[PDB]
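Enquirer: This is the structure I want to talk about, given as structure tokens.
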Amino acid sequence: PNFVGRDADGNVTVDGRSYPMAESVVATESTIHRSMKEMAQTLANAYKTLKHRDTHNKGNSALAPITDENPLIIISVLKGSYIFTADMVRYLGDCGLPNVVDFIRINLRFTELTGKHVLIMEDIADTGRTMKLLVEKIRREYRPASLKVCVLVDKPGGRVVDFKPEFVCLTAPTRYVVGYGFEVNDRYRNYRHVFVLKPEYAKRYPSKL
Amino acid sequence: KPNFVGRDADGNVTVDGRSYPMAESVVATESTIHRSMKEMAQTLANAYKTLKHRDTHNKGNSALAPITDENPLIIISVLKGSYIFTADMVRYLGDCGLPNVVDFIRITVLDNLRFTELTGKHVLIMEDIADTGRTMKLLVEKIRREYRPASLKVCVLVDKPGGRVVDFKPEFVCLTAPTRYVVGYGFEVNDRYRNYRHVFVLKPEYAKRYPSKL
Ligand SMILES: Nc1nc2c(ncn2CCN(/C=C/P(=O)(O)O)CCOCP(=O)(O)O)c(=O)[nH]1
Ligand SMILES: Nc1nc2c(ncn2CCN(/C=C/P(=O)(O)O)CCOCP(=O)(O)O)c(=O)[nH]1
Ligand SMILES: [Mg+2]
Ligand SMILES: [Mg+2]
Ligand SMILES: [Mg+2]
Ligand SMILES: [Mg+2]
């Protein structure tokens with residue numbers, strides 16, 4: 001468990017390291033990983049028994065269980081979800097749920113999604129527009145057996161369209177957060193904890209990368 | 001967390017009691033992997049923390065700038081096999097206090113970089129493995145020609161030097177592997193086993209186990 005405090009200048013510290021950009025801590029690494037570990041069991045319990053189209057043996061007409069032959073299809077949204085997805089699939093492996101990951105940037109190279117169980121792994125749902133558009137696009141272009149969304153952070157106070165993620169690790173207020181995949185022009189993406197950003201830092205790096 | 005390698009009643013390799021029927025042997029357990037990544041982050045921090053490169057945060061500045069959050073180390077992560085490696089390493093680099101930003105490239109070039117200001121920057125390629133050396137040889141040449149960065153270096157999780165058909169030497173290597181096909185921790189066969197925490201040598205009987213297109 002990480003120790004959260006304040007340094008001599010009032011900056012947020014976690015495990016003795018100062019974070020001058022942070023207004024406060026939303027969730028430390030150990031809290032995030034506990035939430036994701038429980039979510040991995042939640043995802044395993046929801047999918048381990050399901051069956052979907054057999055593409056390993058196309059000669060088999062029946063529905064096949066979720067195995068290494070026909071794993072769960074996971075769509076990971078770059079770039080904000082790559083660190084979240086990296087830890088989740090390993091926790092899913094701990095829970096014995098076979099899965100494969102392809103990436104989308106808002107494109108995939110997976111093509112046999114029809115009749116499959118597909119799970120989207122996204123960093124955050126705020127207004128809901130990003131995932132509302134993605135689910136509609138995947139459903140119309142692939143028609144999976146099922147399509148669900150797992151987000152690391154949900155902001156239900158920001159929802160302005162009709163979208164609700166089925167699986168949520170953390171619930172946050174309508175504040176701009178950084179760390180553990182979240183960033184300000186890619187800065188702070190590699191931090192192990194999620195912080196509320198100081199508004200003074202929101203426009204700190206305006207130059208294009 | 002020290003891992004225990006053994007065999008089950010059927011003769012399959014086990015790591016911490018979990019059976020891996022696809023594995024012929026263990027190249028490196030999770031603790032071995034993360035120990036080398038922790039030491040590599042220190043090596044990378046020491047090699048870059050005092051260097052300077054072009055200031056693109058303040059375009060009105062003419063002097064070279066240190067590596068800061070304003071002008072961080074540019075990391076190019078090669079999809080897909082390097083994404084788990086990259087996710088762990090950049091967090092270890094944060095532990096070492098090395099500011100960095102990550103963009104992704106996919107090559108067979110399928111997905112291009114979105115970063116555009118690499119000229120005169122220190123750029124670090126993060127790749128999962130170097131086998132024949134071709135993929136990285138071509139990628140080093142393309143980035144050098146297209147951008148001319150201040151420095152361009154390659155950090156691989158696994159080096160297989162016994163497989164070289166071209167002359168390529170990555171500057172930083174976490175682990176060395178025998179000239180075998182490995183799976184686990186980013187490495188896969190048709191995307192299977194990518195999420196395993198240990199690197200195994202795959203059994204030859206599993207080489208073409210999943211031929212169907214995903
Ligand atoms: N770092 C951070 N980003 C947030 C946050 N909320 C939304 N977003 C936007 C997340 N994403 C922006 C990343 P980009 O590739 O465009 O730079 C867009 C996804 O937004 C979620 P939604 O469509 O509003 O539900 C937040 O709290 N912290
Ligand atoms: N799973 C596995 N793949 C190997 C191996 N060696 C090369 N490769 C090819 C890896 N790469 C593609 C697989 P990924 O999904 O990571 O993008 C190709 C890069 O090959 C390295 P090189 O050009 O031969 O030096 C190996 O031992 N195990
Ligand atoms: Mg992002
Ligand atoms: Mg952003
Ligand atoms: Mg590769
Ligand atoms: Mg930093």
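Enquirer: What are the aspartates and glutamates whose alpha-carbon lies under 12 Å from the alpha-carbon of B:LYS1, with same-chain residues fewer than 8 places away excluded?
Expert: B:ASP16, B:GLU30
Enquirer: Under the definition of partner shielding as Cβ atoms of other protein chains within 10 Å of a residue Cβ, what is the mean value for peptide A:186-193?
Expert: Across A:186-193, the average partner-chain Cβ count within 10 Å equals 6.
Enquirer: For the stretch B:4-77, take N as its residue count and report Rg(C-alpha) divided by 2.2 N^0.38 Å.
Expert: 1.93
Enquirer: So, how do all the Cα-to-Cα distances of the protein assembly as shown break down into 20 Å bins, in percent, from 0 on up?
Expert: Bins of 20 Å from zero give 25, 59, 16, 0 percent of pairs.
Enquirer: Suppose every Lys and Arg Cβ carries +1 and every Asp and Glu Cβ carries -1, with no other charges. What dipole size does the stretch B:34-156 come out with about its Cα centre, to the nearest 20 debye? Could you put the intermediate results ahead of the total?
Expert: On the way: 18 positive and 14 negative charges, 66 e Å.
For this selection, approximately 320 debye.
Enquirer: Assuming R0 = 25 Å, what is the FRET efficiency of B:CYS96 and B:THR119, from their Cβ-Cβ distance, to the nearest 0.05?
Expert: 0.45
Enquirer: Then there is this: Roughly how far apart, in whole Å, are the Cα centres of the stretch B:111-147 and the stretch A:166-199?
Expert: A separation of 29 Å, based on Cα centres.
Enquirer: Between the stretch B:47-72 and the stretch A:1-78, what is the separation of their alpha carbon centroids in Å?
Expert: Using only Cα atoms, the two centres lie 34 Å from each other.
Enquirer: Would you calculate a helix-derived [θ] at 222 nm for chain B, using -39,500 (n - 2.57) for each DSSP H run of n ≥ 4 and dividing by the full residue count, to the nearest 500?
Expert: Theoretical 222 nm ellipticity from helices: -7000 deg cm²/dmol.
Enquirer: Dipole magnitude of chain A about its Cα centre, charges +1 at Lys/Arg Cβ and -1 at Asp/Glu Cβ only, in debye to the nearest 20? Walk me through the numbers on the way to the answer.
Expert: Numbers: 31 positive and 24 negative charges, 116 e Å.
Using only the charged Cβ atoms, the result is roughly 560 debye.
Enquirer: Ok, one more. Rounded to the nearest 20 Debye, what is the dipole magnitude of the protein assembly as shown about its Cα centre when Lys and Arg each give +1 and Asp and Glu each give -1 at the C-beta? Intermediate values should be presented prior to the final figure.
Expert: Working: 63 positive and 49 negative charges, 189 e Å.
Taking the Cα centre of the protein assembly as shown as origin, the dipole is about 900 debye.
Enquirer: Cα gyration tensor of chain A, axes a ≥ b ≥ c as square roots of the eigenvalues: rounded (a/c below 1.5), prolate (a/b > b/c) or oblate?
Expert: prolate
Enquirer: Could you tell me which of rounded, prolate or oblate describes the stretch A:46-150, using a ≥ b ≥ c as the square roots of the eigenvalues of the alpha-carbon gyration tensor, with rounded for a/c under 1.5 and, failing that, prolate when a/b is larger than b/c and oblate otherwise?
Expert: oblate
Enquirer: Of the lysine pairs in the stretch B:143-214, how many meet both conditions: Cα atoms under 22 Å apart, and a spacing of 8 or more in sequence or different chains?
Expert: Details: B:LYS153/B:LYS169; B:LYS160/B:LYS169; B:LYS160/B:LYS203; B:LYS160/B:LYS208; B:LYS203/B:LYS213.
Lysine pair count for the stretch B:143-214: 5.
Enquirer: May I pose another question? Taking each residue in A:51-64, count the Cβ atoms of any other chain within 10 Å of its Cβ, then average. What number comes out?
Expert: Mean shielding count: 1.
Coordinate-derived values only; no laboratory data. Neighbour counts run over all protein chains shown; Cβ positions are idealised from the backbone, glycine included.
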